[PDB]
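Residue numbers (the UniProt record's numbering), protein chains in the order written: chain P, 728 to 775; chain X, 921 to 968; chain F, 1017 to 1144; chain Y, 1113 to 1144; chain E, 689 to 727; chain A, 872 to 920. All C-beta atoms in this analysis are idealised placements derived from N, C-alpha and C, irrespective of residue type, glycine included.
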Amino acid sequence: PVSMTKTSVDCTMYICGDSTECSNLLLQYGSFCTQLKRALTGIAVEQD
Amino acid sequence: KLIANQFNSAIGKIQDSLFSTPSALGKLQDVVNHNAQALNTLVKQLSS
Amino acid sequence: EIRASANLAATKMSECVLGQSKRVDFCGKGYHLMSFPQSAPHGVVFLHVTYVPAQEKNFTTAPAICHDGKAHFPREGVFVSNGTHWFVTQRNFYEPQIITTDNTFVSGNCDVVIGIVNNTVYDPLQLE
Amino acid sequence: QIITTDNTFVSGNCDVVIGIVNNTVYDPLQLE
Amino acid sequence: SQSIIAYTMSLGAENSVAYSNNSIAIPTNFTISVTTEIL
Amino acid sequence: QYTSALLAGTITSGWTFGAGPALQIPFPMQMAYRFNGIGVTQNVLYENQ
Ligand SMILES: *[C@@H]1O[C@H](CO)[C@@H](O)[C@H](O)[C@H]1NC(C)=O
Ligand SMILES: *[C@@H]1O[C@H](CO)[C@@H](O)[C@H](O)[C@H]1NC(C)=O
Ligand SMILES: *[C@@H]1O[C@H](CO)[C@@H](O)[C@H](O)[C@H]1NC(C)=O
Ligand SMILES: *[C@@H]1O[C@H](CO)[C@@H](O)[C@H](O)[C@H]1NC(C)=O
Ligand SMILES: *[C@@H]1O[C@H](CO)[C@@H](O)[C@H](O)[C@H]1NC(C)=O
Ligand SMILES: *[C@@H]1O[C@H](CO)[C@@H](O)[C@H](O)[C@H]1NC(C)=O
């Protein structure tokens, strides 16, 4: 193998389908999903 | 004599290339930035 | 990840620095000559001094030379000719030499190799 | 080993190399 | 007189050696270069 | 296309295209070279081509 498919999960849409209340609850949980987006970007660049 | 001059010129040029390049050592800086960012997020999360 | 890179750096040091590495495109691009390590904060930096060829001329080639019913093959290098005279030369540098019995080893019957080109080879022992 | 024509290959003009040292090399074919 | 353009990649400068049954090219000069590897 | 170029380099130029400018090589001679690279002389290939 040389690489895998590049996935670009976004926290807001995955964990809160178009719900502002859920979005606020996620936001109050702090920046737990910025790290997730950054890690996925890192692995994508790594496959490239 | 010729190869000695070539080697001296190349040794002179690598220094100027490292001086003038924006960041050719992006890997050490990359790991340093990664660790600093990870620690910074560890601290920042506590303010949630 | 850092330990994988550290193992790679240790192997690179032990091969390129403490000896010459025949592995192509391991210690710098091209044929490798030395490598001078340098220290860096939380890392290491090498100076892969590599040897790369230059201006090239294409002449002619023949896999073997048939002097007297027997094919001659070069002990090392190519059978090259600038158009009139056939020369044996080294691998990555043009050093033509007069074809003698020392530069070639004889084996065959001048009937099976494809691309054989007629010529004369010389000896030093008949003259003396 | 004694320096003979078998142990060495000759190439140059004795004017370009640095560190050249004079000596005598030997051959087996002149004797015979 | 300046703008951002988009184009398909170029994988490199197009080149082609000429394989001939009796063609050999041998370099007559040589160069020394010093690269850099950072780990 | 990358792999096609990589393959064209390794059949018309031997291995030199991995080091410097690519130099054309007759393929029987390249095979004789590789044979020379494992301890068998060129005559083996030029006789059993
Ligand atoms: C050498 O190769 C070049 C390729 O551009 C060709 O034009 C030339 O005729 C060749 N010379 C000989 C002597 O084969
Ligand atoms: C080929 O090389 C020989 C040896 O130096 C020289 O005498 C001759 O003139 C050369 N001829 C051509 C066509 O290059
Ligand atoms: C080479 O020389 C031999 C003997 O003189 C002759 O039989 C043969 O036809 C020649 N071949 C070529 C290609 O000149
Ligand atoms: C070596 O011998 C040659 C010829 O006899 C002479 O010209 C030269 O000066 C000598 N050099 C040394 C260092 O003895
Ligand atoms: C190489 O040999 C083949 C088969 O004999 C022939 O068809 C082709 O024209 C030859 N090419 C050259 C450049 O001699
Ligand atoms: C080889 O290249 C060097 C560097 O450009 C140059 O100084 C030298 O004259 C060249 N040698 C020949 C024989 O052209």
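{"query": "Chain F within 7 Å of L1143(Y), Cβ atoms only", "result": "no"}
{"query": "Whole-Å CB distance - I693(E) paired with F927(X), under 8 Å assumed", "result": "The pair is not a contact, with the Cβ atoms about 41 Å apart (cut-off 8 Å)."}
{"query": "Coarse secondary structure for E1072(F), derived from DSSP in three states", "result": "strand"}
{"query": "Separation of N1135(Y) from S1123(Y), as counted between CA atoms", "result": "16 Å"}
{"query": "Simplified DSSP state of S1097(F), which is helix, strand or coil", "result": "strand"}
{"query": "Ligand 5 heavy atom lying under 6 Å from the CB of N709(E)", "result": "yes"}
{"query": "For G769(P), the first and last residue of its enclosing alpha helix (DSSP H)", "result": "761-774"}
{"query": "Delimiting residues of the alpha helix (DSSP H) encompassing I923(X)", "result": "922-940"}
{"query": "Element boundaries [alpha helix (DSSP H), containing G946(X)]", "result": "946-965"}
{"query": "Proximity test, Cβ basis, 7 Å: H1064(F) and chain X", "result": "no"}
{"query": "Per-residue DSSP class, three states only, for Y707(E)", "result": "coil"}
{"query": "Exposure label - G744(P); buried when at least 16 CB within 10 Å", "result": "exposed"}
{"query": "Simplified DSSP assignment, three categories, for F1062(F)", "result": "strand"}
{"query": "Interfacial residues, the segment 899-914 of chain A to chain F, with Cβ spacing under 8 Å", "result": "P899, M900, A903, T912, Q913, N914"}
{"query": "Continuous beta strand (DSSP E) stretch holding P715(E): start and end", "result": "713-715"}
{"query": "Buried or exposed (CB count within 10 angstroms, at least 16 for buried), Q913(A)", "result": "buried"}
{"query": "Spatial distance of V1129(F) from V915(A) (CA atoms)", "result": "10 Å"}
{"query": "Alpha-carbon to alpha-carbon, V1061(F) and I934(X)", "result": "12 Å"}
{"query": "Status (buried if at least 16 other CB within 10 Å, exposed otherwise) for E748(P)", "result": "exposed"}
{"query": "Residue-level contact to chain X via CB, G757(P), 7 Å cutoff", "result": "yes"}
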